[PDB]
file query_30.cif (mmCIF, C-alpha atoms and all ligand atoms)
data_target
loop_
_atom_site.label_atom_id
_atom_site.label_comp_id
_atom_site.auth_asym_id
_atom_site.auth_seq_id
_atom_site.Cartn_x
_atom_site.Cartn_y
_atom_site.Cartn_z
CA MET A 1 120.66 86.67 123.54
CA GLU A 2 122.88 85.91 126.53
CA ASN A 3 125.94 87.93 125.51
CA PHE A 4 123.65 90.95 125.28
CA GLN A 5 121.81 93.17 127.72
CA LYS A 6 118.66 94.59 126.15
CA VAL A 7 118.46 98.29 126.91
CA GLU A 8 115.04 98.59 125.28
CA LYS A 9 112.78 97.48 122.44
CA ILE A 10 113.02 100.05 119.64
CA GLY A 11 111.04 98.54 116.80
CA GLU A 12 109.29 95.62 115.14
CA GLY A 13 109.17 94.38 111.56
CA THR A 14 107.08 91.74 109.81
CA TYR A 15 109.60 89.03 110.65
CA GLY A 16 111.30 90.21 113.83
CA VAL A 17 111.74 92.62 116.73
CA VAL A 18 114.67 95.01 117.15
CA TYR A 19 116.24 96.04 120.45
CA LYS A 20 118.91 98.50 121.49
CA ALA A 21 121.46 96.33 123.28
CA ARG A 22 124.97 96.36 124.70
CA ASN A 23 127.66 93.73 124.12
CA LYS A 24 128.22 92.71 127.75
CA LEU A 25 131.88 92.05 126.94
CA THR A 26 133.01 94.67 124.41
CA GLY A 27 130.52 97.23 125.69
CA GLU A 28 129.63 98.17 122.13
CA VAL A 29 126.07 99.44 121.67
CA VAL A 30 124.14 97.80 118.81
CA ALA A 31 120.72 97.18 117.30
CA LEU A 32 119.75 93.54 117.75
CA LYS A 33 116.99 92.07 115.61
CA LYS A 34 115.50 88.82 116.85
CA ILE A 35 113.66 86.53 114.44
CA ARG A 36 111.70 83.48 115.59
CA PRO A 37 116.64 78.48 104.72
CA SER A 38 119.70 78.07 102.50
CA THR A 39 118.30 80.85 100.31
CA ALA A 40 117.86 83.20 103.27
CA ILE A 41 121.13 82.44 105.06
CA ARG A 42 123.07 83.00 101.86
CA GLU A 43 120.86 85.96 101.02
CA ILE A 44 121.96 87.27 104.41
CA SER A 45 125.65 86.58 103.81
CA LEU A 46 125.44 88.78 100.74
CA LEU A 47 123.99 91.48 102.97
CA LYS A 48 126.99 91.19 105.32
CA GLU A 49 129.46 92.02 102.54
CA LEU A 50 127.22 94.89 101.46
CA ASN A 51 129.24 97.83 102.81
CA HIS A 52 128.40 101.43 101.89
CA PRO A 53 128.14 104.63 103.97
CA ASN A 54 124.40 104.77 103.32
CA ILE A 55 123.63 101.17 104.26
CA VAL A 56 123.38 100.13 107.95
CA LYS A 57 126.25 97.74 108.64
CA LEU A 58 125.28 94.18 109.50
CA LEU A 59 127.91 93.16 112.06
CA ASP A 60 126.96 89.59 112.95
CA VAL A 61 124.46 86.86 112.16
CA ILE A 62 123.74 84.38 114.95
CA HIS A 63 121.58 81.29 114.45
CA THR A 64 120.81 79.51 117.73
CA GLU A 65 117.94 77.74 119.47
CA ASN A 66 115.10 78.39 117.00
CA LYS A 67 116.08 82.06 116.85
CA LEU A 68 117.94 84.13 114.28
CA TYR A 69 119.72 87.24 115.58
CA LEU A 70 121.10 89.95 113.33
CA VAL A 71 123.46 92.44 114.93
CA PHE A 72 123.60 95.86 113.31
CA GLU A 73 125.51 99.03 114.00
CA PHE A 74 123.22 101.32 116.06
CA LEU A 75 121.94 104.67 114.75
CA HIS A 76 120.12 107.05 117.11
CA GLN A 77 116.93 107.96 115.33
CA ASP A 78 114.75 107.00 112.38
CA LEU A 79 113.30 109.31 109.75
CA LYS A 80 109.72 108.80 110.91
CA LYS A 81 110.61 110.21 114.32
CA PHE A 82 112.62 113.04 112.78
CA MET A 83 109.76 113.97 110.45
CA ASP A 84 107.31 114.06 113.35
CA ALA A 85 109.79 116.17 115.32
CA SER A 86 110.04 118.50 112.30
CA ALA A 87 106.28 118.67 111.64
CA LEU A 88 105.73 122.28 112.78
CA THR A 89 108.53 123.79 110.73
CA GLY A 90 109.32 121.10 108.19
CA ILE A 91 112.73 119.66 107.29
CA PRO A 92 114.76 122.31 105.46
CA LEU A 93 114.95 121.68 101.71
CA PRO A 94 118.75 121.38 101.77
CA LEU A 95 118.52 118.54 104.29
CA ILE A 96 115.68 116.86 102.38
CA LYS A 97 117.86 117.05 99.27
CA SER A 98 120.88 115.67 101.11
CA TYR A 99 118.90 112.75 102.52
CA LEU A 100 117.32 111.92 99.15
CA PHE A 101 120.73 112.10 97.45
CA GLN A 102 122.31 109.81 100.04
CA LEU A 103 119.50 107.28 99.91
CA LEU A 104 119.80 107.20 96.10
CA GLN A 105 123.53 106.50 96.50
CA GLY A 106 122.71 103.63 98.81
CA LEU A 107 120.13 102.24 96.40
CA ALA A 108 122.44 102.71 93.42
CA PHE A 109 124.92 100.61 95.38
CA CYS A 110 122.62 97.74 96.41
CA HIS A 111 120.98 97.67 93.00
CA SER A 112 124.32 97.38 91.21
CA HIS A 113 124.95 94.39 93.49
CA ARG A 114 121.54 92.95 92.60
CA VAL A 115 120.11 93.56 96.07
CA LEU A 116 116.62 95.01 96.43
CA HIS A 117 115.32 96.53 99.66
CA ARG A 118 111.59 95.93 98.94
CA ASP A 119 110.15 97.70 101.96
CA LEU A 120 111.52 101.20 102.30
CA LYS A 121 109.63 103.42 104.72
CA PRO A 122 110.52 106.27 107.11
CA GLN A 123 110.82 103.81 110.00
CA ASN A 124 113.71 101.97 108.38
CA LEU A 125 115.70 105.00 107.21
CA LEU A 126 118.12 105.84 110.03
CA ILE A 127 119.95 109.07 110.74
CA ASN A 128 122.88 110.19 112.86
CA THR A 129 124.14 113.50 114.21
CA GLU A 130 126.68 113.95 111.37
CA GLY A 131 124.06 114.35 108.66
CA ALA A 132 124.12 110.82 107.28
CA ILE A 133 121.08 108.68 106.53
CA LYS A 134 121.22 104.93 105.96
CA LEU A 135 119.02 102.15 104.58
CA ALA A 136 118.04 99.57 107.22
CA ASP A 137 115.93 96.44 107.66
CA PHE A 138 116.25 95.08 104.13
CA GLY A 139 113.43 92.77 103.10
CA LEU A 140 114.30 89.25 101.98
CA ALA A 141 113.11 87.56 98.79
CA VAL A 142 99.68 96.40 111.06
CA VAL A 143 101.96 96.50 108.01
CA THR A 144 102.15 99.85 106.22
CA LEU A 145 101.27 99.83 102.52
CA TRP A 146 101.84 103.55 101.97
CA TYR A 147 105.11 103.10 100.08
CA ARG A 148 104.24 100.00 98.04
CA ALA A 149 104.85 100.25 94.27
CA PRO A 150 101.76 99.77 92.04
CA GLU A 151 103.17 96.70 90.31
CA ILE A 152 103.36 94.91 93.68
CA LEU A 153 99.75 95.87 94.48
CA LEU A 154 98.71 94.58 91.04
CA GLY A 155 100.23 91.17 91.72
CA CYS A 156 103.57 91.18 89.91
CA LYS A 157 105.49 88.06 90.94
CA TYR A 158 108.91 89.45 90.12
CA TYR A 159 109.89 92.75 91.75
CA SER A 160 112.51 94.91 90.06
CA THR A 161 114.77 97.60 91.47
CA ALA A 162 112.06 100.05 90.42
CA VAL A 163 109.99 99.18 93.49
CA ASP A 164 112.60 100.87 95.70
CA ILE A 165 112.59 104.04 93.59
CA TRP A 166 108.82 104.25 93.96
CA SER A 167 109.01 103.88 97.74
CA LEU A 168 111.74 106.52 97.94
CA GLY A 169 109.69 108.87 95.74
CA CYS A 170 106.78 108.56 98.18
CA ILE A 171 109.13 109.31 101.10
CA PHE A 172 110.60 112.32 99.26
CA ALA A 173 107.07 113.72 98.75
CA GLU A 174 106.29 113.13 102.42
CA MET A 175 109.38 114.97 103.64
CA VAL A 176 108.39 117.95 101.48
CA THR A 177 104.67 118.20 102.28
CA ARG A 178 104.72 116.75 105.79
CA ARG A 179 101.88 114.42 104.86
CA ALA A 180 101.97 110.87 103.51
CA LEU A 181 101.45 110.89 99.76
CA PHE A 182 99.33 107.73 99.50
CA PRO A 183 98.10 106.72 102.94
CA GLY A 184 96.02 103.65 102.10
CA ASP A 185 94.60 101.41 104.80
CA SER A 186 94.08 98.34 102.59
CA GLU A 187 95.60 97.05 99.37
CA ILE A 188 92.74 98.29 97.20
CA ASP A 189 92.52 101.66 98.99
CA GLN A 190 96.28 102.04 98.48
CA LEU A 191 95.91 101.23 94.81
CA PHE A 192 92.95 103.57 94.33
CA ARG A 193 94.66 106.44 96.21
CA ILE A 194 97.53 106.11 93.73
CA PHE A 195 95.06 106.05 90.81
CA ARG A 196 93.15 109.11 92.06
CA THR A 197 96.35 111.14 92.10
CA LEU A 198 98.36 109.83 89.15
CA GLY A 199 95.41 108.71 87.04
CA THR A 200 94.16 105.16 86.50
CA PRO A 201 96.92 103.55 84.42
CA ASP A 202 96.17 102.18 80.96
CA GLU A 203 98.03 100.49 78.13
CA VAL A 204 99.26 103.83 76.83
CA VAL A 205 101.24 104.84 79.91
CA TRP A 206 101.83 101.31 81.19
CA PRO A 207 102.02 98.67 78.43
CA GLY A 208 100.88 95.35 79.84
CA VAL A 209 99.10 96.76 82.87
CA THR A 210 95.68 95.39 81.84
CA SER A 211 97.03 91.84 81.82
CA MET A 212 98.55 91.97 85.30
CA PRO A 213 97.40 89.35 87.86
CA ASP A 214 95.22 91.63 89.97
CA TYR A 215 94.14 94.16 87.37
CA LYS A 216 90.36 94.40 86.90
CA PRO A 217 88.71 96.13 83.91
CA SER A 218 86.22 97.30 86.51
CA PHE A 219 88.72 99.61 88.23
CA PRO A 220 87.38 103.16 88.19
CA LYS A 221 88.88 105.53 85.62
CA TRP A 222 90.31 108.57 87.42
CA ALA A 223 92.01 111.37 85.51
CA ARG A 224 95.55 112.35 86.49
CA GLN A 225 95.66 115.33 88.83
CA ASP A 226 97.85 118.35 88.09
CA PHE A 227 101.24 117.50 89.56
CA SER A 228 101.69 121.04 90.97
CA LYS A 229 98.92 120.27 93.46
CA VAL A 230 100.69 117.11 94.64
CA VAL A 231 103.82 118.60 96.24
CA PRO A 232 103.24 122.40 96.06
CA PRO A 233 106.24 123.59 98.08
CA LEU A 234 108.55 121.72 95.71
CA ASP A 235 110.38 123.53 92.91
CA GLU A 236 110.21 122.34 89.30
CA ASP A 237 113.48 120.39 89.45
CA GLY A 238 112.14 118.51 92.45
CA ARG A 239 108.75 117.93 90.85
CA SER A 240 110.40 116.71 87.65
CA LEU A 241 112.53 114.21 89.57
CA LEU A 242 109.55 113.03 91.63
CA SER A 243 107.44 112.49 88.53
CA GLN A 244 110.19 110.25 87.14
CA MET A 245 110.40 108.26 90.38
CA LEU A 246 106.64 107.76 90.26
CA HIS A 247 106.21 106.57 86.66
CA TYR A 248 103.71 103.70 86.52
CA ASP A 249 105.75 101.58 84.10
CA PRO A 250 108.64 100.01 86.09
CA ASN A 251 110.71 100.20 82.91
CA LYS A 252 110.13 103.94 82.54
CA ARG A 253 110.71 104.67 86.22
CA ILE A 254 114.05 106.40 86.72
CA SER A 255 116.97 104.39 88.09
CA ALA A 256 118.85 105.40 91.23
CA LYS A 257 121.99 106.06 89.14
CA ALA A 258 120.12 108.25 86.67
CA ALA A 259 118.31 110.05 89.50
CA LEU A 260 121.67 111.01 91.02
CA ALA A 261 122.47 112.92 87.82
CA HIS A 262 119.17 114.86 87.84
CA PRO A 263 119.42 118.71 87.86
CA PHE A 264 117.72 118.71 91.27
CA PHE A 265 121.04 117.71 92.85
CA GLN A 266 123.16 120.39 91.19
CA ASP A 267 123.37 122.33 94.46
CA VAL A 268 123.26 119.42 96.91
CA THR A 269 125.15 119.88 100.20
CA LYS A 270 125.35 117.95 103.46
CA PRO A 271 123.69 119.91 106.29
CA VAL A 272 123.76 118.69 109.87
CA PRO A 273 120.32 117.96 111.31
CA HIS A 274 119.22 119.24 114.69
CA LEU A 275 118.59 115.98 116.52
CA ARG A 276 116.97 115.65 119.92
CA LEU A 277 118.05 112.32 121.40
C1 LIG B 301 112.70 94.97 112.41
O1 LIG B 301 113.96 95.35 112.58
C2 LIG B 301 114.43 96.65 112.31
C3 LIG B 301 113.53 97.69 111.82
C4 LIG B 301 114.05 99.04 111.56
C5 LIG B 301 115.43 99.32 111.80
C6 LIG B 301 116.34 98.28 112.30
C7 LIG B 301 117.78 98.62 112.54
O2 LIG B 301 118.78 97.97 111.90
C8 LIG B 301 118.13 99.72 113.50
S1 LIG B 301 116.94 100.58 114.37
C9 LIG B 301 118.21 101.51 115.10
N1 LIG B 301 118.06 102.51 116.02
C10 LIG B 301 116.97 103.32 116.28
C11 LIG B 301 115.68 103.24 115.54
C12 LIG B 301 114.61 104.11 115.84
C13 LIG B 301 114.77 105.10 116.88
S2 LIG B 301 113.57 106.11 117.22
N2 LIG B 301 112.20 105.42 116.94
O3 LIG B 301 113.73 107.37 116.23
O4 LIG B 301 113.67 106.57 118.78
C14 LIG B 301 116.03 105.20 117.62
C15 LIG B 301 117.11 104.33 117.32
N3 LIG B 301 119.44 101.17 114.70
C16 LIG B 301 119.40 100.16 113.80
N4 LIG B 301 120.53 99.66 113.25
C17 LIG B 301 115.82 96.94 112.55
#
call {"tool": "encode", "arguments": {"input": "query_30.cif", "output": "structure tokens"}}
result
Amino acid sequence: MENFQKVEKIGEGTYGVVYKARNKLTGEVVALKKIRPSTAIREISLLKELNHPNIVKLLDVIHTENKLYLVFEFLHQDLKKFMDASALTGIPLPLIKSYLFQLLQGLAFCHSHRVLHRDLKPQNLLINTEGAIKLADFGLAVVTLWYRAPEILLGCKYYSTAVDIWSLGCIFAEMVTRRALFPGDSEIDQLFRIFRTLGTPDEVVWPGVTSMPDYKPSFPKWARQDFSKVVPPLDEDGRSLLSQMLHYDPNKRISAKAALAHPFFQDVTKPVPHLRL
């Protein structure tokens, strides 16, 4: 832009690059995403009116000279950085619980407004010094596949809100164990890592799975591993909730609204994180 002074590049998605920038006139500090369709533009408008404390605010949309700029409120750190910074000691359970609860509130909100995120990952979950966490970089209707729902990997053409619950479940597990749950480095490796842990799905647990676009009868048949080995440091309420967020059948997978009512959140609080900026 010309009305902006780039302070530094802070990220890059599969459609654009994001910079920390300052409004040369107002002096406000923002996150500016630069991207190099009636559906999109209107899909974006909807995003602008999507206001919730757990959703990064989209301030302005500027279309000029073969470039599309999205101006967002700036947050100081993403969850990936915070997790790395917390790798030696781990994020305290109360904070993990607070973050999960808040993200579920944000998803409950977008989902009730028929908005799907589609690409949740630690890098697009942003945190501030007051203990909040917000959903950022919504996806429109080397890329990381670690948080991709199985139905996407199996070729489903129509995503449902369940894909976001799956991604969030993977992130929840990662915050707890301090290791990515399914770190695949290809679509098939991602799929098979999921199968090796949760068991190769079949018609019993996932009606219709064998008729999905990319399903092959030749997939290996792995037995489901004991769930207590998956996220050991997690108590039973947490494990129960996670298992519901990771159901194979999108229709059995717990909703964000239902997840918010899970016993795991009975004692939820809002701790302040120790952030090094
Ligand atoms: C492809 O476009 C994207 C991708 C992901 C997020 C956003 C986005 O809206 C952002 S990023 C941000 N600040 C920030 C991010 C990471 C870090 S770090 N690495 O912890 O030092 C520090 C500050 N604020 C907003 N609002 C845009």
call {"tool": "closest_residue", "arguments": {"input": "query_30.cif", "among": "A:28, A:43, A:119, A:78", "to": "ligand LIG 301 (chain B)", "atoms": "only C-alpha atoms and all ligand atoms"}}
result
A:78
call {"tool": "residues_around", "arguments": {"input": "query_30.cif", "residues": "residue 185 (chain A)", "least_positions_apart": "6", "cutoff": "12 Å", "atoms": "only C-alpha atoms", "output": "MDAnalysis selection string"}}
result
chainID A and resid 142:148 191:193
call {"tool": "closest_residue", "arguments": {"input": "query_30.cif", "among": "A:161, A:167, A:129, A:66", "to": "residue 113 (chain A)", "atoms": "only C-alpha atoms"}}
result
A:161
call {"tool": "residues_around", "arguments": {"input": "query_30.cif", "residues": "residue 36 (chain A)", "least_positions_apart": "6", "cutoff": "9 Å", "atoms": "all atoms listed in the file", "output": "MDAnalysis selection string"}}
result
chainID A and resid 15:16 66:69
call {"tool": "residues_near_ligand", "arguments": {"input": "query_30.cif", "ligand": "ligand LIG 301 (chain B)", "cutoff": "9 Å", "atoms": "only C-alpha atoms and all ligand atoms", "output": "ChimeraX atom specification"}}
result
/A:10-20,30-35,56-58,70-82,123-127,135-138,277
call {"tool": "decode", "arguments": {"input": "query_30.cif", "residues": "region 28-40 of chain A", "atoms": "N, CA, C and O atoms", "output": "compact mmCIF listing (two decimals), in the first residue's frame"}}
result
# COMPACT_ATOMS: atom_id res chain seq x y z
N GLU A 28 -2.38 4.12 13.56
CA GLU A 28 -2.81 2.84 14.10
C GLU A 28 -1.94 1.73 13.53
O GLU A 28 -1.54 1.77 12.36
N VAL A 29 -1.64 0.74 14.36
CA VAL A 29 -0.82 -0.40 13.97
C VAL A 29 -1.79 -1.52 13.59
O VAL A 29 -2.72 -1.81 14.34
N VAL A 30 -1.56 -2.13 12.44
CA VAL A 30 -2.44 -3.19 11.93
C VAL A 30 -1.69 -4.33 11.26
O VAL A 30 -0.48 -4.28 11.06
N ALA A 31 -2.45 -5.37 10.91
CA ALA A 31 -1.88 -6.50 10.18
C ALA A 31 -2.47 -6.30 8.79
O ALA A 31 -3.69 -6.19 8.63
N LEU A 32 -1.60 -6.25 7.79
CA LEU A 32 -2.03 -6.03 6.42
C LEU A 32 -1.73 -7.24 5.56
O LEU A 32 -0.57 -7.61 5.40
N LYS A 33 -2.77 -7.87 5.03
CA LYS A 33 -2.59 -9.03 4.18
C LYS A 33 -2.72 -8.58 2.73
O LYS A 33 -3.70 -7.94 2.36
N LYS A 34 -1.72 -8.91 1.93
CA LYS A 34 -1.72 -8.53 0.52
C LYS A 34 -1.94 -9.77 -0.33
O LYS A 34 -1.25 -10.78 -0.17
N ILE A 35 -2.92 -9.71 -1.22
CA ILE A 35 -3.22 -10.82 -2.11
C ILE A 35 -3.04 -10.35 -3.54
O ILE A 35 -3.52 -9.28 -3.91
N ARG A 36 -2.33 -11.14 -4.35
CA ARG A 36 -2.11 -10.78 -5.75
C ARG A 36 -3.09 -11.49 -6.67
O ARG A 36 -3.77 -10.85 -7.47
N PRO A 37 -13.61 -11.74 -7.61
CA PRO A 37 -14.76 -12.64 -7.75
C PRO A 37 -15.94 -12.19 -6.89
O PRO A 37 -15.80 -11.97 -5.69
N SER A 38 -17.11 -12.07 -7.52
CA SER A 38 -18.31 -11.66 -6.82
C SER A 38 -18.53 -12.53 -5.58
O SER A 38 -18.91 -12.03 -4.52
N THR A 39 -18.28 -13.82 -5.73
CA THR A 39 -18.44 -14.75 -4.62
C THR A 39 -17.50 -14.39 -3.48
O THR A 39 -17.91 -14.28 -2.33
N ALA A 40 -16.23 -14.18 -3.81
CA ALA A 40 -15.21 -13.83 -2.82
C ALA A 40 -15.51 -12.50 -2.15
O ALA A 40 -15.67 -12.43 -0.93
